[PDB]
C-alpha cells in the first residue's frame, strides 16, 4: 500500500465574507439598519524612510531624493465621525464527513484512511477540535487588527434552523483570552453544536456578529487587495481594499484562517500561543515554518506513518492531523 | 552572531483620525456641537504669468503675447461663513501601546534582542519624556498647520473617554504654550501621565481633541489638498482640490499625526532651530534637506543597529529618538 497520487479534501468550516458596518454602542442591540463602512480614497505623500544600500547613501543624492515628489493614492476605511462601534457580520457552515476525500485514485488507500478517521471519531469526539474552534469564534480572532486596542468587544452567535434563530449566544471577546483555552458553560454548548456539525449529526449554520468599540472616526481594516505595479507619474494607487456592493469587507479565507488558529501542539512552544493549522505549520508574518519536516511532526510525515504503516502518533498530533483534514487541501504528490 | 531581520514592520501607535472642520462664533464655543461644517466649494481664478523665465523667453513680444493668453483655472476654496470667526477642528486619537514589538520579523533571535532592548529602555526610562513632548504637540495646536498662523486665540480642549462620557477634560491656551519651548505645566503633565500610561499598555487612552481658532468673519481655512488625475483637459479645469469626508472639509490623519510627532530636537544641527518631525534620516521636505544624515552616525538605522546588534547604547536623547521611531512605525528592513 502507498499513498494515492491524487488526494483532495473539501473544506469544512466554510465561512462567508464578513461585511463591515458602523454605529453607536448601546444601539448595538438594534444593529440591523447600521450603514456600511465605505472604502474611500485619500492622497498620500511620504518621505524616504526605507534603508539605503550604501551607494545611495551619499548626502546629495539623498537630498535630491527628498526634494522629489513621492505621491500616491490609498484606500481607507474609517468609521463615521459620530459612530464608535464597528460591526462585523459573517456566517459559517460546519459540514462534517471530515475524512472522506473528494478525489482519490487509490481505492485501498481511501479505505484505510476512512478506517483510521473512523477509529479517531470512535474513540474521541470532535470535542477538543470544536472546543478550540468555538474559542476562536468566542473571542474575536476574525477581527484581526480591528480587535487590537479596542476597549470592548463582544460576539453574538445565532444558530439558524430556518429563517429563524434556534439558540443565541453572547460572549465577551476580551474576557475570553487570546491564549488560554479555558472552560465555560455557554462555550461548551457552542462546542457541542460544532462537534455535532463536524460529526454529521445535524445542520449547523451560525450568524457570527462581533462589535468592536473603537472610537469616533477611527480607522478600520478591511482585507487588502492585490494590484500590479507600473511607473505612473504623480501617483498610481498603491493600496486597494476589498469590498462588495459598496461596503468594506474581509476576505472569507482570512476569517477562516482566524478560525483554524487552534494549533498549540507544535514542537517550538505553546506559551507563544496557537498558530494556524497548515501542513508544516508556517506563519507568514513571522516568515518561518514551525513544525519542520526534518523534525518529524509535519502533516505529511504523520499522515504517512499513521495511514500507511499504522504508527499512531501522540494524541495531540492526531488532533493536528484531523484539523488538517477539516481544513481541506490539495494532497498527494 | 546576530544580524538584522530582513523584514521588519511596526504598526503605528498614536493613530489619529481625519479632522473635520466646522465654524461658528467665539464665546459660543462652549456649546459648539451643532456648528455647521466648513464646506469646500469652487471658484474661478485667473492669474497672469509670474514664473521665473529663462534667458530665451524674455523677449518682449513673447512676454506680451503670453499676457495676451491668460491662464483660466478653477480652484476650490474653503472659507468660514461670513458671520463666523472661529474654526473648530475635531479629531480622536488612540494611544495603543506595545511599542517595541514588530508585526513582521524573519529572525526570531533578533526579535528577542529588540524586545530586551525596548524593555530595558522602558524599565530604565519610561515614556515620560516622549509623552511629555506628544502632550506638548497636542496642547499647542500644531495640527492646525496654517489655520494657526496669524490666529489670535487658539484654545485646545482634550477629553478622555472611557465609555461615551468624559473621564477627564483639559483646556489649554495654545498660544501661551509655545511652538518651540517645551515648558512645564501641571495639566500638561497630567496629560503626559495619561499618554505614558497609554504607551505602555497600562491603560486605555482615547482622546477627543477639539481646537478652536479665532480667525475672522469670512476668512480662509486650509484643509488638506488632494491629488488630481488631470489628463490635459480643456482650457484649465479644476487644478486645486481639497479634502472632505461628507461635504465637510477635513485634514488627513497622517498630516495631524505628523504634527503630533514633531518632537525631535536632538538632531545635530540645532535644538535652537526648533523641533522637526520624528522621521528616519531626519528628512524635512519643505526645507528640502535631510537633517540627521546616514553619513554622520545619528541616523535611525545606525543607532538601532548599534543598540540592538552590537550592544552599543547611544546617548539617552538618541534613545528617545529611536523609541519614537518605533512608536511611529514603518517598513524597516531591506
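Residue numbers (the numbering used here), protein chains in the order written: chain F, 222 to 554; chain G, -11 to 322.
Cβ atoms here follow ideal geometry from the backbone N, Cα and C, with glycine treated the same way.
Report task. Would you kindly check if the distance between the Cβ of residue -4 of chain G and the Cβ of residue 123 of chain G is under 9 Å? Result -> Note that the C-beta distance between residue 123 of chain G and residue -4 of chain G is not below 9 Å.
Query raised in the report: In angstroms, rounded to a whole number, what distance separates the CA positions of residue 180 of chain G and residue 54 of chain G?
Result: Cα to Cα, the separation comes out at about 57 Å.
Requested in this report: Compare the C-beta of residue 507 of chain F against all C-beta atoms of chain G and say whether one is closer than 9 Å.
Outcome: yes
Query raised in the report: In chain order, which alpha helix (DSSP H) runs of at least 4 residues are fully inside the segment 445 to 524 of chain F?
Result: Entirely contained in the segment 445 to 524 of chain F, the alpha helix (DSSP H) runs reaching 4 residues are, in chain order, 473 to 480, 520 to 524.
**Report entry** Cβ pair count under 8 Å reaching 3, the segment 134 to 151 of chain G against the segment 279 to 292 of chain G
**Finding:** no
Requested in this report: Answer with buried or exposed for residue 243 of chain F, where buried requires no fewer than 16 other C-beta atoms within 10 angstroms of its C-beta.
Outcome: So residue 243 of chain F ends up on the buried side.
Query - alpha helix (DSSP H) runs contained entirely in the segment 381 to 448 of chain F, provided each spans 4 or more residues - result: 407 to 420
Query raised in the report: Closest to residue 546 of chain F by CA distance: which of F:299, F:494, F:420, F:364 is it?
Result: F:420
Query - Beta-carbon separation (whole angstroms), residue 9 of chain G vs residue 312 of chain G, contact threshold 8 Å - result: Incorrect: roughly 28 Å between the Cβ atoms, too far for contact.
Query - For residue 279 of chain F, the nearest candidate out of G:282, G:226, G:193 (CA to CA) - result: G:282
Requested in this report: May I ask you to verify whether the segment 451 to 460 of chain F touches the segment 478 to 494 of chain F, counting CB pairs closer than 8 Å and requiring at least 3?
Outcome: no
**Report entry** Contact under 9 Å by Cβ, residue 437 of chain F with residue 250 of chain F
**Finding:** no
**Report entry** 9 Å Cβ cutoff met for residue 202 of chain G and residue 141 of chain G
**Finding:** yes
Requested in this report: Measuring alpha carbon to alpha carbon, tell me which of F:294, F:230, F:300, F:428 ends up nearest residue 321 of chain F.
Outcome: Minimum Cα distance to residue 321 of chain F is reached at F:230.
Query raised in the report: Hey, is residue 565 of chain F's beta-carbon within less than 9 Å of any beta-carbon in chain G?
Result: No answer is possible for residue 565 of chain F: it lies beyond the span of chain F, which begins at 222 and ends at 554.
Query - Collapsed DSSP secondary structure at residue 554 of chain F in the structure displayed - result: coil
Report task. Return the Cβ separation of residue 65 of chain G and residue 208 of chain G in integer angstroms, given the expectation that the two are a contact with Cβ distance under 8 Å. Result -> 7 Å
Query raised in the report: In whole angstroms, what separates the C-alpha of residue 279 of chain G from that of residue 261 of chain F?
Result: Near 35 Å, if we compare the C-alpha coordinates of residue 261 of chain F and residue 279 of chain G.
Query raised in the report: In whole angstroms, what is the alpha-carbon distance linking residue 353 of chain F and residue 260 of chain G?
Result: 58 Å
Query raised in the report: Measuring CB to CB, does residue 310 of chain G end up less than 9 Å from residue 295 of chain G?
Result: yes
**Report entry** Cβ pair residue 321 of chain G, residue -6 of chain G closer than 9 Å
**Finding:** yes
Query raised in the report: With a CB to CB cut of under 8 Å and the five nearest residues on each side skipped, what residues in its chain are close to residue 25 of chain G?
Result: 8, 9, 10, 11, 235, 236, 237
Report task. Would you kindly report the start and end of the unbroken alpha helix (DSSP H) that includes residue 103 of chain G? Result -> 96 to 112
Report task. My understanding is that residue 32 of chain G touches residue 62 of chain G, with C-beta atoms under 8 Å, so please give their C-beta distance in whole angstroms. Result -> By a beta-carbon distance limit of 8 Å, residue 32 of chain G contacts residue 62 of chain G. Their separation comes to about 6 Å.
**Report entry** Where residue 548 of chain F falls: helix, strand or coil (DSSP)
**Finding:** helix
Report task. Identify every run of the beta strand (DSSP E) within the segment 55 to 95 of chain G, keeping only runs that are complete inside it and at least 3 residues long; order them along the chain. Result -> 60 to 67, 74 to 83
Report task. Report buried or exposed for residue 58 of chain G, applying the criterion of at least 16 other Cβ atoms within 10 angstroms of its Cβ. Result -> exposed
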